[PDB]
Amino acid sequence: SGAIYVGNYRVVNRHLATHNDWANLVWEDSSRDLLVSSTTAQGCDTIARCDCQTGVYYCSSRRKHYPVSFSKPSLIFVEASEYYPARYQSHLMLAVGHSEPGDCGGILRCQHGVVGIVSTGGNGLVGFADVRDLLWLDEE
Ligand SMILES: COc1ccccc1CC(=O)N1CCO[C@@H](C(N)=O)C1
Ligand SMILES: [Zn+2]
């Protein structure tokens with residue numbers, strides 16, 4: 001589990017969104033596994049606006065943050081899971097690292113701020129849903 005709290009937005013994996021998230025919906029995209037809902041309180045996270053390919057992510061199944069090198073956001077075939085059939089997920093970045101299903105939501109960050117959240121995994125890989133192109137998270 002896990003979310004990004006920036007401004008009056010909450011960014012979560014679409015497959016982990018709650019009824020309150022759907023009832024206060026700002027934007028959602030199944031092909032990216034992302035959903036954004038509105039919040040009453042202002043958050044403290046800031047979004048990275050860069051093309052870094054190195055950063056650090058939180059892994060809840062190890063209670064640890066790991067440094068990683070990750071690929072640029074792209075269209076990748078992801079195997080079937082409990083939440084989606086096997087399909088192409090867009091804006092996904094891959095790294096070598098530990099991830100279990102419940103690790104979804106962990107933040108990936110670089111020197112500039114939050115880059116994305118854990119979305120996929122398996123066999124020593126971890127995939128992150130990028131948020132650096134969502135410029136509207138910084139305003140309104
Ligand atoms: C954290 O992912 C792991 C890790 C190890 C093994 C399996 C998973 C589960 C997984 O790949 N999912 C969860 C549901 O959403 C899927 C998606 N975003 O397409 C991806
Ligand atoms: Zn950066």
# chains A, B, ... in the order shown; residues from 1 in each chain; ligands from 1

call {"tool": "residues_near_ligand", "arguments": {"ligand": "ligand 2", "cutoff": "12 Å", "atoms": "only C-alpha atoms and all ligand atoms", "output": "PDB file with C-alpha atoms, in the first residue's frame"}}
result
ATOM      1  CA  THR A  46       6.796  17.304  -4.151  1.00  0.00           C
ATOM      2  CA  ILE A  47       6.939  15.853  -7.687  1.00  0.00           C
ATOM      3  CA  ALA A  48      10.232  15.494  -9.592  1.00  0.00           C
ATOM      4  CA  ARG A  49      10.337  17.256 -13.011  1.00  0.00           C
ATOM      5  CA  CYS A  50      13.420  15.590 -14.634  1.00  0.00           C
ATOM      6  CA  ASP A  51      14.716  12.585 -16.646  1.00  0.00           C
ATOM      7  CA  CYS A  52      16.683  10.882 -13.760  1.00  0.00           C
ATOM      8  CA  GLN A  53      17.241   7.142 -14.241  1.00  0.00           C
ATOM      9  CA  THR A  54      18.660   6.543 -10.694  1.00  0.00           C
ATOM     10  CA  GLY A  55      16.776   6.919  -7.411  1.00  0.00           C
ATOM     11  CA  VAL A  56      15.594   5.144  -4.256  1.00  0.00           C
ATOM     12  CA  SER A  69      18.734   2.249 -11.727  1.00  0.00           C
ATOM     13  CA  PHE A  70      15.464   2.249 -13.695  1.00  0.00           C
ATOM     14  CA  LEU A 108      10.393   5.935  -5.942  1.00  0.00           C
ATOM     15  CA  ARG A 109      12.265   9.280  -5.523  1.00  0.00           C
ATOM     16  CA  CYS A 110      15.304  11.073  -6.935  1.00  0.00           C
ATOM     17  CA  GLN A 111      17.242  14.234  -5.939  1.00  0.00           C
ATOM     18  CA  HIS A 112      14.376  16.367  -7.398  1.00  0.00           C
ATOM     19  CA  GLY A 113      11.428  14.725  -5.630  1.00  0.00           C
ATOM     20  CA  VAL A 114       8.876  11.891  -6.135  1.00  0.00           C
ATOM     21  CA  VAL A 115       9.234  10.049  -9.459  1.00  0.00           C
ATOM     22  CA  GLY A 116       6.483   7.399  -9.155  1.00  0.00           C
ATOM     23  CA  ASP A 130       5.785   7.302 -13.546  1.00  0.00           C
ATOM     24  CA  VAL A 131       4.095  10.564 -12.490  1.00  0.00           C
ATOM     25  CA  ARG A 132       6.695  13.108 -13.709  1.00  0.00           C
TER      26      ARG A 132
END

call {"tool": "select_by_dssp", "arguments": {"residues": "stretch 13-108 of chain A", "states": "alpha helix (DSSP H)", "output": "NGL selection string"}}
result
:A and (19-23)

call {"tool": "residues_near_ligand", "arguments": {"ligand": "ligand 1", "cutoff": "8 Å", "atoms": "only C-alpha atoms and all ligand atoms", "output": "ChimeraX atom specification"}}
result
/A:13,15,32-33,78-87,89,98-104,118-123,125-127

call {"tool": "residues_around", "arguments": {"residues": "residue A:140", "least_positions_apart": "5", "cutoff": "12 Å", "atoms": "only C-alpha atoms", "output": "MDAnalysis selection string"}}
result
chainID A and resid 6:9 26 38 135

call {"tool": "select_by_dssp", "arguments": {"residues": "stretch 15-103 of chain A", "states": "strand (DSSP E)", "output": "PDB file with N, CA and C atoms, in the first residue's frame"}}
result
ATOM      1  N   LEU A  25     -13.074  11.535  -7.038  1.00  0.00           N
ATOM      2  CA  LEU A  25     -12.162  11.285  -8.153  1.00  0.00           C
ATOM      3  C   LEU A  25     -11.753  12.531  -8.913  1.00  0.00           C
ATOM      4  N   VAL A  26     -10.442  12.646  -9.214  1.00  0.00           N
ATOM      5  CA  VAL A  26      -9.937  13.715 -10.066  1.00  0.00           C
ATOM      6  C   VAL A  26      -9.592  13.122 -11.454  1.00  0.00           C
ATOM      7  N   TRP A  27      -8.879  11.973 -11.486  1.00  0.00           N
ATOM      8  CA  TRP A  27      -8.445  11.400 -12.758  1.00  0.00           C
ATOM      9  C   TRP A  27      -8.040   9.958 -12.556  1.00  0.00           C
ATOM     10  N   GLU A  28      -8.291   9.092 -13.536  1.00  0.00           N
ATOM     11  CA  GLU A  28      -7.845   7.704 -13.407  1.00  0.00           C
ATOM     12  C   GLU A  28      -7.481   7.172 -14.789  1.00  0.00           C
ATOM     13  N   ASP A  29      -6.531   6.226 -14.840  1.00  0.00           N
ATOM     14  CA  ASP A  29      -6.102   5.639 -16.111  1.00  0.00           C
ATOM     15  C   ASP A  29      -5.680   4.188 -15.851  1.00  0.00           C
ATOM     16  N   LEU A  34      -3.031   4.056 -12.440  1.00  0.00           N
ATOM     17  CA  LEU A  34      -3.010   5.234 -11.566  1.00  0.00           C
ATOM     18  C   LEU A  34      -4.417   5.819 -11.325  1.00  0.00           C
ATOM     19  N   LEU A  35      -4.651   6.331 -10.121  1.00  0.00           N
ATOM     20  CA  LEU A  35      -5.880   7.076  -9.812  1.00  0.00           C
ATOM     21  C   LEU A  35      -5.488   8.179  -8.875  1.00  0.00           C
ATOM     22  N   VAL A  36      -6.113   9.364  -9.079  1.00  0.00           N
ATOM     23  CA  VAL A  36      -5.879  10.551  -8.241  1.00  0.00           C
ATOM     24  C   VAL A  36      -7.198  11.012  -7.666  1.00  0.00           C
ATOM     25  N   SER A  37      -7.268  11.210  -6.358  1.00  0.00           N
ATOM     26  CA  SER A  37      -8.465  11.717  -5.680  1.00  0.00           C
ATOM     27  C   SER A  37      -8.133  13.040  -4.976  1.00  0.00           C
ATOM     28  N   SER A  38      -9.179  13.809  -4.613  1.00  0.00           N
ATOM     29  CA  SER A  38      -8.953  15.091  -3.938  1.00  0.00           C
ATOM     30  C   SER A  38      -8.895  14.912  -2.417  1.00  0.00           C
ATOM     31  N   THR A  39      -8.122  15.792  -1.721  1.00  0.00           N
ATOM     32  CA  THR A  39      -7.984  15.696  -0.267  1.00  0.00           C
ATOM     33  C   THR A  39      -8.379  17.015   0.392  1.00  0.00           C
ATOM     34  N   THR A  40      -8.804  16.943   1.654  1.00  0.00           N
ATOM     35  CA  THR A  40      -9.131  18.144   2.395  1.00  0.00           C
ATOM     36  C   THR A  40      -7.839  18.810   2.902  1.00  0.00           C
ATOM     37  N   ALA A  41      -6.891  18.010   3.416  1.00  0.00           N
ATOM     38  CA  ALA A  41      -5.618  18.558   3.918  1.00  0.00           C
ATOM     39  C   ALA A  41      -4.539  18.626   2.810  1.00  0.00           C
ATOM     40  N   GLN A  42      -3.622  19.607   2.894  1.00  0.00           N
ATOM     41  CA  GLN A  42      -2.530  19.751   1.928  1.00  0.00           C
ATOM     42  C   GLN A  42      -1.422  18.750   2.262  1.00  0.00           C
ATOM     43  N   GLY A  43      -0.835  18.141   1.241  1.00  0.00           N
ATOM     44  CA  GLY A  43       0.242  17.171   1.446  1.00  0.00           C
ATOM     45  C   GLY A  43       1.637  17.771   1.344  1.00  0.00           C
ATOM     46  N   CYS A  44       2.648  16.956   1.713  1.00  0.00           N
ATOM     47  CA  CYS A  44       4.042  17.434   1.779  1.00  0.00           C
ATOM     48  C   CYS A  44       4.966  16.920   0.716  1.00  0.00           C
ATOM     49  N   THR A  54      18.169   7.113 -11.932  1.00  0.00           N
ATOM     50  CA  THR A  54      18.660   6.543 -10.694  1.00  0.00           C
ATOM     51  C   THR A  54      17.860   7.201  -9.545  1.00  0.00           C
ATOM     52  N   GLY A  55      17.555   6.432  -8.547  1.00  0.00           N
ATOM     53  CA  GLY A  55      16.776   6.919  -7.411  1.00  0.00           C
ATOM     54  C   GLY A  55      16.732   5.886  -6.307  1.00  0.00           C
ATOM     55  N   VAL A  56      15.750   6.030  -5.391  1.00  0.00           N
ATOM     56  CA  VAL A  56      15.594   5.144  -4.256  1.00  0.00           C
ATOM     57  C   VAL A  56      14.124   4.819  -4.086  1.00  0.00           C
ATOM     58  N   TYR A  57      13.789   3.558  -3.855  1.00  0.00           N
ATOM     59  CA  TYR A  57      12.377   3.195  -3.603  1.00  0.00           C
ATOM     60  C   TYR A  57      12.157   2.524  -2.253  1.00  0.00           C
ATOM     61  N   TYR A  58      10.922   2.622  -1.715  1.00  0.00           N
ATOM     62  CA  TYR A  58      10.573   1.935  -0.477  1.00  0.00           C
ATOM     63  C   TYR A  58       9.928   0.598  -0.772  1.00  0.00           C
ATOM     64  N   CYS A  59      10.468  -0.456  -0.127  1.00  0.00           N
ATOM     65  CA  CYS A  59       9.972  -1.850  -0.238  1.00  0.00           C
ATOM     66  C   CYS A  59       9.375  -2.270   1.110  1.00  0.00           C
ATOM     67  N   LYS A  64      12.636  -1.532   3.945  1.00  0.00           N
ATOM     68  CA  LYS A  64      13.888  -0.908   3.525  1.00  0.00           C
ATOM     69  C   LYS A  64      13.720  -0.068   2.294  1.00  0.00           C
ATOM     70  N   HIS A  65      14.563   0.952   2.181  1.00  0.00           N
ATOM     71  CA  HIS A  65      14.693   1.762   0.972  1.00  0.00           C
ATOM     72  C   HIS A  65      15.926   1.287   0.220  1.00  0.00           C
ATOM     73  N   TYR A  66      15.775   1.070  -1.107  1.00  0.00           N
ATOM     74  CA  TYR A  66      16.875   0.572  -1.931  1.00  0.00           C
ATOM     75  C   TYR A  66      17.214   1.515  -3.039  1.00  0.00           C
ATOM     76  N   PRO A  67      18.509   1.761  -3.270  1.00  0.00           N
ATOM     77  CA  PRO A  67      18.892   2.526  -4.454  1.00  0.00           C
ATOM     78  C   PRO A  67      18.755   1.683  -5.740  1.00  0.00           C
ATOM     79  N   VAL A  68      18.234   2.268  -6.786  1.00  0.00           N
ATOM     80  CA  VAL A  68      18.028   1.547  -8.052  1.00  0.00           C
ATOM     81  C   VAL A  68      18.331   2.379  -9.260  1.00  0.00           C
ATOM     82  N   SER A  69      18.696   1.700 -10.377  1.00  0.00           N
ATOM     83  CA  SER A  69      18.734   2.249 -11.727  1.00  0.00           C
ATOM     84  C   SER A  69      17.464   1.755 -12.423  1.00  0.00           C
ATOM     85  N   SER A  74       7.891   3.534 -20.365  1.00  0.00           N
ATOM     86  CA  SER A  74       7.584   2.927 -21.662  1.00  0.00           C
ATOM     87  C   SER A  74       6.386   1.974 -21.568  1.00  0.00           C
ATOM     88  N   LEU A  75       6.011   1.375 -22.734  1.00  0.00           N
ATOM     89  CA  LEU A  75       4.878   0.464 -22.854  1.00  0.00           C
ATOM     90  C   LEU A  75       5.429  -0.955 -22.718  1.00  0.00           C
ATOM     91  N   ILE A  76       5.117  -1.614 -21.604  1.00  0.00           N
ATOM     92  CA  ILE A  76       5.662  -2.931 -21.272  1.00  0.00           C
ATOM     93  C   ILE A  76       4.582  -3.963 -21.053  1.00  0.00           C
ATOM     94  N   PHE A  77       4.785  -5.191 -21.564  1.00  0.00           N
ATOM     95  CA  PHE A  77       3.849  -6.270 -21.330  1.00  0.00           C
ATOM     96  C   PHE A  77       4.041  -6.780 -19.903  1.00  0.00           C
ATOM     97  N   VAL A  78       2.956  -6.763 -19.113  1.00  0.00           N
ATOM     98  CA  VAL A  78       2.951  -7.203 -17.726  1.00  0.00           C
ATOM     99  C   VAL A  78       2.058  -8.442 -17.621  1.00  0.00           C
ATOM    100  N   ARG A  87      -1.414  -7.699 -20.071  1.00  0.00           N
ATOM    101  CA  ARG A  87      -1.704  -6.571 -20.953  1.00  0.00           C
ATOM    102  C   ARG A  87      -0.456  -5.680 -21.020  1.00  0.00           C
ATOM    103  N   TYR A  88      -0.516  -4.635 -21.868  1.00  0.00           N
ATOM    104  CA  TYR A  88       0.527  -3.635 -21.950  1.00  0.00           C
ATOM    105  C   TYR A  88       0.187  -2.496 -21.010  1.00  0.00           C
ATOM    106  N   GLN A  89       1.111  -2.232 -20.070  1.00  0.00           N
ATOM    107  CA  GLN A  89       0.951  -1.116 -19.126  1.00  0.00           C
ATOM    108  C   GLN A  89       1.835   0.017 -19.655  1.00  0.00           C
ATOM    109  N   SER A  90       1.281   1.239 -19.720  1.00  0.00           N
ATOM    110  CA  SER A  90       2.022   2.366 -20.228  1.00  0.00           C
ATOM    111  C   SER A  90       2.676   3.182 -19.090  1.00  0.00           C
ATOM    112  N   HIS A  91       3.679   4.003 -19.475  1.00  0.00           N
ATOM    113  CA  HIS A  91       4.403   4.896 -18.573  1.00  0.00           C
ATOM    114  C   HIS A  91       5.038   4.120 -17.405  1.00  0.00           C
ATOM    115  N   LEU A  92       5.490   2.898 -17.663  1.00  0.00           N
ATOM    116  CA  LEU A  92       6.064   2.005 -16.652  1.00  0.00           C
ATOM    117  C   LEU A  92       7.597   2.004 -16.782  1.00  0.00           C
ATOM    118  N   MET A  93       8.295   2.017 -15.629  1.00  0.00           N
ATOM    119  CA  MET A  93       9.778   1.965 -15.600  1.00  0.00           C
ATOM    120  C   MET A  93      10.176   0.710 -14.821  1.00  0.00           C
ATOM    121  N   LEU A  94      11.168  -0.029 -15.299  1.00  0.00           N
ATOM    122  CA  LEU A  94      11.579  -1.247 -14.638  1.00  0.00           C
ATOM    123  C   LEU A  94      12.957  -1.121 -13.994  1.00  0.00           C
ATOM    124  N   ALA A  95      13.136  -1.831 -12.876  1.00  0.00           N
ATOM    125  CA  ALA A  95      14.422  -1.902 -12.160  1.00  0.00           C
ATOM    126  C   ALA A  95      14.604  -3.329 -11.605  1.00  0.00           C
ATOM    127  N   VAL A  96      15.832  -3.672 -11.221  1.00  0.00           N
ATOM    128  CA  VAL A  96      16.116  -4.893 -10.539  1.00  0.00           C
ATOM    129  C   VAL A  96      15.963  -4.596  -9.024  1.00  0.00           C
TER     130      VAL A  96
END

call {"tool": "atom_distance", "arguments": {"atom1": "atom CA of residue A:12", "atom2": "atom CA of residue A:134"}}
result
13.6 Å

call {"tool": "atom_distance", "arguments": {"atom1": "atom CA of residue A:63", "atom2": "atom CA of residue A:107"}}
result
12.7 Å

call {"tool": "closest_residue", "arguments": {"among": "A:138, A:129, A:62, A:5", "to": "residue A:31", "atoms": "only C-alpha atoms"}}
result
A:129

call {"tool": "closest_residue", "arguments": {"among": "A:71, A:30, A:21, A:16", "to": "residue A:2", "atoms": "only C-alpha atoms"}}
result
A:16
